[PDB]
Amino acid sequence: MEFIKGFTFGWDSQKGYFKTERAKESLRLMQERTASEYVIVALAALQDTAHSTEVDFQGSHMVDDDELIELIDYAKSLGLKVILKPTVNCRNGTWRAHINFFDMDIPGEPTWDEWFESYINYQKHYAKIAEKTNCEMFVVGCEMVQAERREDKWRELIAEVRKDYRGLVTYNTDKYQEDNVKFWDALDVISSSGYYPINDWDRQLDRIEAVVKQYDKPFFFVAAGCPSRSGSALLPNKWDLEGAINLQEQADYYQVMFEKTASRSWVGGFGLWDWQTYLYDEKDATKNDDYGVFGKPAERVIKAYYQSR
């Protein structure tokens, strides 16, 4: 596995966004400003709650198949490789890591089998798209901490994705959960959300290295990044962190992350979080306290690092 110089795109997208000039201009700027060679197209279906079993990928929250194919083809026309990452959010705001059901099937209660049926059929739909567009990698789940114990069901899902899609298949675990997953052998690549504190990379990388050396798979941080807010460098996963704007903290987070990971040969790349489909005006960058790096000092740190690899 060559080093993946990646950036996540499309998380803010709604139906119709990918049809637009604005979306293509944003993706061109992502490539120009960061020297990324991969785009991670991150999409989210919706379910009602963390304990409901129907996964909706057809409403206004979800780009249509035709515009998704258009955007992937356009990314390829720019020379980008594409990683497709379809995940799921809850309408009531609960983090998908809490999606969970009773260990036993109780009459009248939602079951693991019902949820996985809906989720597998969701993934198979997008696996067919990844196959038709020749996406380089497909990510079958993201941060599903409580669902990860259902190893049998995850193995079933991966086999179903394999029937539709012949590329690389991975699963994206949450921070600190790299060893919670017991089905890495069924995947091609190990990946995690590397939202680790700026002052704890040495301990965390040593921990992950010991996990990764138990398998014969490449590894990368399919999500990583930091909002431009004070205190975010300590908890970079908290998108709602109460903190004043701080562009330099985000740049410093990135500088430390690349420095610490550059010396671990097994860190095989990054899918940096994240680049908006509808990008803010460069004039508004110094007021933006979110994950974007457009117009911020972190943009130069990323581009320099990606150009060096």
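The numbering used is simple: start at 1 and walk along the sequence shown.
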Legend entry - 233 to 241 set against 119 to 127, stretch whose average Cα temperature factor tops the other in the entry: 233 to 241
Inset, instruction - Please work out which of 258 to 266 and 39 to 47 has the higher mean CA B-factor as recorded in the PDB entry. - result: 258 to 266
Legend entry - Most elevated Cα B-factor in the entry, residues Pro107, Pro86, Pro227, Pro197: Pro107
Inset, instruction - Would you check the entry's CA temperature factor for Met62 and let me know if it's in the chain's lowest, middle or highest third? - result: middle
Legend entry - Third of the chain, ranked by Cα B-factor, where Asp174 sits: lowest
Inset, instruction - Rank-wise, by C-alpha B-factor, drop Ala251 into the lowest, middle or highest third of its chain. - result: lowest
Inset, instruction - Divide the modelled residues of the chain into thirds by Cα B-factor and specify which third, lowest, middle or highest, holds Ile69. - result: middle
Legend entry - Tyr306 CA temperature factor, ranked by third within the chain: middle
